[PDB]
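The numbers here are math on the coordinates, done by the rules we state, and not lab data. Heads up, the Cβs are rebuilt from the backbone with ideal geometry, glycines too, and the neighbour counts pull from every protein chain shown.
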Amino acid sequence: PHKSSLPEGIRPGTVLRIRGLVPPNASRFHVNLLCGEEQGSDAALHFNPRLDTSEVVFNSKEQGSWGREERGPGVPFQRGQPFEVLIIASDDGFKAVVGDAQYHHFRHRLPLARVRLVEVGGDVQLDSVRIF
C-alpha cells in the first residue's frame, strides 16, 4: 500500500500523475483520495480498475459506507501492459484521464478541502506517483 501524505491538503489545479503497469494476473487495483491517516478514513474518491470483472468503478466512502457507484466506458487497461493515469482536481469534481483520452468526470461528494492522503493499492506495479 503506497501512501503519499498531504497533511496540508490539495486545491483545484492539483494533478496526480500515476505511472505503472498492470501485472499479468491482476484482479483489480485502486487509487484512493482519503481524508485522513487513520484506518477507515473517508474516501473523497475511489478509482478502481477491475481486470477480473472488466470494468472501472468510481465511488466515495463516508463513515464506513460506500456510496453509489459510477462506471466509466469500458476498460482502458490490460494485464501485462503499462499505463498512465491523471487524476485532476477542479472546483466541481475529479477528472480521470487514461492514456491519450479523458475517461470520466466524478463530481465532488465530499469537500475537496478534506483530502489529506493519496493511497494506491491492489494488483498494480507502481513506477511513479507525482503530484503537480
Which residues qualify? For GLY93, with a placed amide H closer than 5 Å and at least 5 residues away or on another chain, they are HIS108
Distance in nm between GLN63 and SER5 label points, each 7 Å along Cα→Cβ, equals 2.8
Note on the chain: contact order normalised by length, alpha-carbon pairs under 8 Å, 6 or more apart, percent, works out to 40
For the chain, the dipole about the Cα centre with charges only on Cβ (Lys and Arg +1, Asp and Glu -1), to the nearest 20 debye, works out at 100
Kirkwood-based Rg/Rh on the Cα set of the chain evaluates to 0.93
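Please find the FRET efficiency linking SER90 to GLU55, where r is the Cβ-Cβ separation and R0 is fixed at 22 Å, and quote it to the nearest 0.05.
Numbers: r = 24 Å, r/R0 = 1.10.
So the FRET efficiency works out to roughly 0.35.
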Rounded to one decimal in nm, the spacing of the 7 Å Cα→Cβ label points at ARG114 and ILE131 is 1.8
